[PDB]
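Q:
There are 2 protein chains.
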Amino acid sequence: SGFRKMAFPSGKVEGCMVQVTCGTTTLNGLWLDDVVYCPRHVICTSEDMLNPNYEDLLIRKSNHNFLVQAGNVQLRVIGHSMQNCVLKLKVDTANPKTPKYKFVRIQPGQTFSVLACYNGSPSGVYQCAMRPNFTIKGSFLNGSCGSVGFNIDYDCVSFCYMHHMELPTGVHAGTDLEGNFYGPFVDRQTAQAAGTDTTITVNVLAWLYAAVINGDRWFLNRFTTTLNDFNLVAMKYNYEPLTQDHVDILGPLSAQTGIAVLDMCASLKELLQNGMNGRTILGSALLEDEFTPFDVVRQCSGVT
Amino acid sequence: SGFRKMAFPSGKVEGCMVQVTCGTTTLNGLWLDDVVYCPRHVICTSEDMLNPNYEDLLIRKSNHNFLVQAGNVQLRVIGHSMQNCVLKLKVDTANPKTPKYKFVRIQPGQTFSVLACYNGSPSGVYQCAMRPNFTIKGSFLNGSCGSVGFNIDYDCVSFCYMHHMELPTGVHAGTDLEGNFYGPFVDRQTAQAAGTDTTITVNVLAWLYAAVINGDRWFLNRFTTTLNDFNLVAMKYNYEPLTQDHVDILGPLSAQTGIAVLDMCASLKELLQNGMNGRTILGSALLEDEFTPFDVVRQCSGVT
Ligand SMILES: *[C@@H](C)C(=O)N(c1ccc(C(C)(C)C)cc1)[C@@H](C(=O)NCCC(=O)OCC)c1cccnc1
Ligand SMILES: *[C@@H](C)C(=O)N(c1ccc(C(C)(C)C)cc1)[C@@H](C(=O)NCCC(=O)OCC)c1cccnc1
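Residue numbers (the deposited numbering), protein chains in the order written: chain A, 1 to 304; chain A', 1 to 304. A prime marks a further copy of an entry chain.
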């Protein structure tokens, strides 16, 4: 028992982190096979952060200008290309620690672990969620760019995020491993305000199921609701609308606890309307939304 | 910017996890050099969980009865001994992935990361704190025994905890790597109630400093207090007493933010007396106490 914000074991990803330097900018790169992936803004100086023309800036760069270091040893760059907002640096050596991997583009509400790195070295691992406004609430300092987000299925790492920037509001923006930003964000120092950070309703319900499984049951009420009634309350509280797909995904948790999804929705509705009244659920005084139904099942079953 | 409950990168510890089986019980072991460390209750059956006599149970066990498997390969056990509540299984092979390591016994309030494992395989990593009542609020299912807690200083892993059991209240009890339990807990299925889980005051202050550094300043008030006045309020709220050592340890955070420790104590005092009023600090609706002053500095500076 017990329920924690758990990240995937980071070992497989630690073995992929390298340092990339271009001119005076140093950030992190992800080394998979003979390719090092990093944010294309590694080529940017100070005088051109406001409106960079990446194709133009890249013309002035050659293979030897990208310094890639894995541990304390230098990798030889034999090719470079820009794919969307990422640079792909072909090196002459395949990473011997390359795990089985995939590049996936996640949807909002989906969770992943972040291996925060500086100078190609891992500093920490934490669990994130792609917010409905396509930002992530990470912990990233200068030099953390190129740190990646991932999920692991047994021995296959699915890379889903690469850190690129921090918005003026202290929230984070990044790309998938094909270089496409999540959301409307661009890699330039400009006014980029995030949209409404709504609560991931399906995740909150999953976490309420995790609370019941772990003995926290005080919030369970005598009520039920409908998807349409619940959604009127969810809209009022800036919660994402709950769909029949979400109800279906919560089915295994509903089955394990014997609590119908719509009954849990009614409990959630009363929590939104009445508040916690100074009480806690799984050690939290707010409704946690960064656990998917899959994470709750995985953690409560012990998937390795 | 951004502040997350961050665990250490787990790679160095993943390379040490093995599966230990004795009879029909399978748990995790920690393989460092040619020794595999695991909870001694791996020798216990069902008929003797209530009052085990470990020395007597161990007489019936030989080296060949302890099955150690690292990955998909079996290790040869050439010796076994009991040190307090841990078994040390000498194997014929030194772990090639043994990192630089130390065994440390932490104090209450100190934090560490847990690599939760099942069948010698890592499932997840999370950050814990040794509670003032010597329990940990972990996430551990059956078979998680032998999972370890650790801190990392650059390339040296300091192992501080090994998971042994879950108390009837769903909190966790374990030992240091010398086999000595934290707190008064024993490895037997008996009535073991935990003491008062007080809040780690120095950690809350560290986290309030982290909030100020990250832009969350609404709780900063116009007041100050003394250590004795603050401690009268801390006692009332089941917070640990704050000492001059704690004030000294918070010095770098006080220096970085320009907020005197006793002024932050007065802010904390008003938060205890008035509540959050539905507001949040660093995305939390309660006062977080599982970040030490060292963790706040490390995370806010980017130590790798
Ligand atoms: C990470 C590489 C870094 O230190 N930056 C950063 C990212 C992107 C640029 C760019 C303007 C050339 C694309 C420059 C520097 C930090 C950062 O985001 N700075 C603010 C600029 C920005 O993002 O403007 C968009 C609104 C950074 C700091 C902390 C955490 N992550 C990134
Ligand atoms: C972990 C090895 C395990 O599955 N146990 C466990 C631990 C200790 C014993 C022992 C009674 C022989 C020492 C047996 C089994 C779980 C556990 O703690 N069971 C309850 C017995 C207990 O701890 O009694 C003391 C009050 C366990 C489950 C979930 C998480 N951790 C451990």
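Where is the CB? At the ideal position from N, CA and C, for every residue including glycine.
1) Excluding five sequence neighbours on each side, which residues of the same chain lie with their C-beta closer than 8 angstroms to the C-beta of A'/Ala260?
2) Please check the pair A'/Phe103 and A'/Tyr182, which I expect to be a contact at CB under 8 angstroms, by giving their CB distance rounded to whole angstroms.
3) Taking 6 angstroms as the cut-off, is the C-beta of A'/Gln189 nearer than that to any heavy atom in ligand 2?
4) Suppose the cutoff is 6 angstroms on Cβ atoms and the five residues either side in sequence are ignored; what does the same chain contact list for A/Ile152 look like?
5) Enumerate in chain order the residues of its own chain whose CB-to-CB distance from A/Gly15 is below 6 angstroms, with the five nearest sequence positions on each side excluded.
6) Sort out for me which residues DSSP pairs A'/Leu87 with in a bridge.
7) According to DSSP, simplified to helix, strand and coil, what is A'/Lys102?
8) For the region 228 to 270 of chain A', which segments carrying the beta strand (DSSP E) assignment without a break, of at least 3 residues, lie completely within its bounds, in sequence order?
9) Can you tell me whether A'/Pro293 is buried or exposed? The criterion is at least 16 other CB atoms within 10 Å of its CB, across all chains shown.
10) Name the residues in the region 106 to 125 of chain A' whose C-beta lies less than 9 angstroms from a C-beta of chain A; which are they?
11) For A'/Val36 versus A'/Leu89, is the C-beta distance shorter than 7 angstroms?
12) Nearer than 6 angstroms: is that true of the beta carbon of A'/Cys16 relative to any heavy atom of ligand 2?
13) Quick one: what's got a C-beta closer than 6 angstroms to residue 305 of chain A''s C-beta in the same chain, skipping five residues either side?
14) Buried or exposed: A'/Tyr161, going by 16 or more other Cβ atoms within 10 Å of its Cβ?
15) Please compile the residues from chain A whose C-beta is within a distance smaller than 7 angstroms of the C-beta of A'/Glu14.
16) Which value, in whole angstroms, describes the spacing of the CA atoms of A'/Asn238 and A'/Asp197?
17) Mind checking whether the beta-carbon of A/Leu271 lies closer than 6 angstroms to any heavy atom of ligand 1?
18) Given a cut-off of 7 angstroms, decide if A'/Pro99 and A'/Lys12 are closer than it, judged by their beta-carbon atoms.
19) Any beta-carbon of chain A' closer than 7 angstroms to the one on A/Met6?
20) Show which residues of chain A have a CB atom less than 7 angstroms away from the CB atom of A'/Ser158.
21) Cα separation between A'/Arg4 and A/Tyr126?
22) From A'/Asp33 to A/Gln256, what distance separates their C-alpha atoms?
23) As a quick exercise: from A/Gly120, A/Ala285, A/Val148, pick the residue whose alpha carbon is nearest that of A'/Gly275.
24) Does the region 213 to 232 of chain A' come within contact of the region 178 to 193 of chain A', defined as at least 3 CB pairs closer than 8 angstroms?
25) How would you call A/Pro184, buried or exposed, if buried means at least 16 neighbouring beta carbons within 10 angstroms?
26) Chain A' partners of A/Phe219, CB-CB under 7 angstroms?
27) Which of the three DSSP states, helix, strand or coil, is assigned to A'/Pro122?
28) Return the chain-ordered list of same chain residues with a C-beta closer than 8 angstroms to the C-beta of A/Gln273, the five sequence neighbours on each side being excluded.
29) I'd like to know if the region 160 to 175 of chain A' and the region 43 to 55 of chain A are in contact, where contact means that at least 3 CB-CB pairs between them fall below 8 angstroms.
30) Excluding the 5 residues preceding and the 5 following A/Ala266 in the sequence, name in chain order all residues of the same chain whose CB lies nearer than 7 angstroms to its CB.
31) Cβ of A'/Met49 within 6 angstroms of any heavy atom in ligand 2?
32) Output the distance between the C-alpha atoms of A/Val171 and A/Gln192, rounded to the nearest integer angstrom.
33) Alpha carbon to alpha carbon, how far is A/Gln83 from A/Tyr54?
34) Can we count A'/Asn142 as close to ligand 2, meaning its CB is less than 6 angstroms from some heavy atom?
35) Thinking C-beta only, is A'/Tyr154 closer than 7 angstroms to A'/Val296?
36) Tell me, to the nearest whole angstrom, how far the beta carbon of A'/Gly79 is from that of A'/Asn63; I am working on the premise that it is less than 8 angstroms.
A: Let me spell this out:
1) For the purposes of this step, residue 260 of chain A' is taken as residue 260 along the second sequence, with counting starting at 1. So the qualifying residues of the chain are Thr224, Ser254.
2) By one-based count along the second sequence, residue 103 of chain A' stands at place 103. By one-based count along the second sequence, residue 182 of chain A' stands at place 182. That pair is no contact at about 13 angstroms.
3) One-based indexing of the second sequence puts residue 189 of chain A' at position 189. Under cutoff, so the answer is yes.
4) Walking along the first sequence from the start, residue 152 of chain A turns up at place 152. Closer than 6 angstroms at Cβ, skipping near neighbours: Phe8.
5) Counting from 1 along the first sequence, the entry for residue 15 of chain A is found at position 15. Excluding sequence neighbours, A/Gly15 sits near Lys97.
6) Numbered from its first residue, the second sequence carries residue 87 of chain A' at position 87. Per DSSP, A'/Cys38, A'/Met82.
7) Taking the second sequence and counting its residues from 1, one reaches residue 102 of chain A' at position 102. DSSP places A'/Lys102 in strand when its eight states are reduced to three.
8) none
9) Working through the second sequence from its first residue, we reach residue 293 of chain A' at position 293. Burial call: buried.
10) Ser113, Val114, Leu115, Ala116, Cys117, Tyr118, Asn119, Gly120, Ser121, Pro122, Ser123, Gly124, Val125
11) Within the second sequence, residue 36 of chain A' is the residue found at index 36, counting from 1. Within the second sequence, residue 89 of chain A' is the residue found at index 89, counting from 1. Yes, these two residues count as a Cβ contact at 7 angstroms.
12) Counting from 1 along the second sequence, the entry for residue 16 of chain A' is found at position 16. Every heavy atom of ligand 2 is 6 angstroms or more from the Cβ of A'/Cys16, so no.
13) No answer is possible for residue 305 of chain A': it lies beyond the span of chain A', which begins at 1 and ends at 304.
14) On the second sequence, residue 161 of chain A' is found 161 positions in, with the first residue counted as 1. A'/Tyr161 is buried by the Cβ-count criterion.
15) Here the question's residue 14 of chain A' lines up with position 14 in the second sequence. Those are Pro9, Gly11, listed as they occur along chain A.
16) For this step, residue 238 of chain A' is matched to residue 238 along the second sequence. For this step, residue 197 of chain A' is matched to residue 197 along the second sequence. C-alpha separation (whole angstroms): 8 angstroms.
17) Translated into the one-based positions of the first sequence, residue 271 of chain A becomes position 271. Every heavy atom of ligand 1 is 6 angstroms or more from the Cβ of A/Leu271, so no.
18) One-based indexing of the second sequence puts residue 12 of chain A' at position 12. One-based indexing of the second sequence puts residue 99 of chain A' at position 99. Contact: yes.
19) Within the first sequence, residue 6 of chain A is the residue found at index 6, counting from 1. Yes, its Cβ sits closer than 7 angstroms to a Cβ of chain A'.
20) As a working note, residue 158 of chain A' is residue 158 in the second sequence. Within 7 angstroms Cβ-Cβ: nothing; A'/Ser158 doesn't reach chain A, min ~16 angstroms.
21) Counting from one through the second sequence, the residue named residue 4 of chain A' turns up at place 4. Counting from one through the first sequence, the residue named residue 126 of chain A turns up at place 126. Whole-angstrom Cα-Cα distance: 7 angstroms.
22) Taking the first residue of the second sequence as position 1, residue 33 of chain A' is located at position 33. Taking the first residue of the first sequence as position 1, residue 256 of chain A is located at position 256. If you take the alpha carbons of A'/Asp33 and A/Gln256, they lie about 43 angstroms apart.
23) Position 275 of the second sequence holds residue 275 of chain A'. Taking only the C-alpha atoms, the option nearest A'/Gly275 is A/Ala285.
24) no
25) Residue numbering aside, residue 184 of chain A sits at position 184 when the first sequence is read from its first letter. By the 10 Å Cβ count, A/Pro184 comes out exposed.
26) Reading the first sequence from its first residue, position 219 is the one you call residue 219 of chain A. Result: empty, since nearest Cβ-Cβ is about 15 angstroms, beyond 7 angstroms.
27) Here the question's residue 122 of chain A' lines up with position 122 in the second sequence. Residue state, collapsed to three classes: strand.
28) Your numbering for residue 273 of chain A matches position 273 in the first sequence. Excluding residues within five positions, the ones whose Cβ falls inside 8 angstroms are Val233.
29) no
30) One-based indexing of the first sequence puts residue 266 of chain A at position 266. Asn221, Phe223, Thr224, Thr225.
31) Within the second sequence, residue 49 of chain A' is the residue found at index 49, counting from 1. Yes.
32) Along the first sequence, read from residue 1 onward, the residue named residue 171 of chain A stands at position 171. Along the first sequence, read from residue 1 onward, the residue named residue 192 of chain A stands at position 192. C-alpha separation (whole angstroms): 11 angstroms.
33) In the first sequence, the residue the question calls residue 83 of chain A occupies position 83. In the first sequence, the residue the question calls residue 54 of chain A occupies position 54. For A/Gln83 and A/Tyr54, the distance between alpha carbons rounds to 11 angstroms.
34) Numbered from its first residue, the second sequence carries residue 142 of chain A' at position 142. The answer is yes for A'/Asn142.
35) Working through the second sequence from its first residue, we reach residue 296 of chain A' at position 296. Working through the second sequence from its first residue, we reach residue 154 of chain A' at position 154. It is not a contact, given that the beta carbons lie outside the stated cut-off.
36) Residue numbering aside, residue 79 of chain A' sits at position 79 when the second sequence is read from its first letter. Residue numbering aside, residue 63 of chain A' sits at position 63 when the second sequence is read from its first letter. The Cβ separation is near 7 angstroms, so the contact holds.
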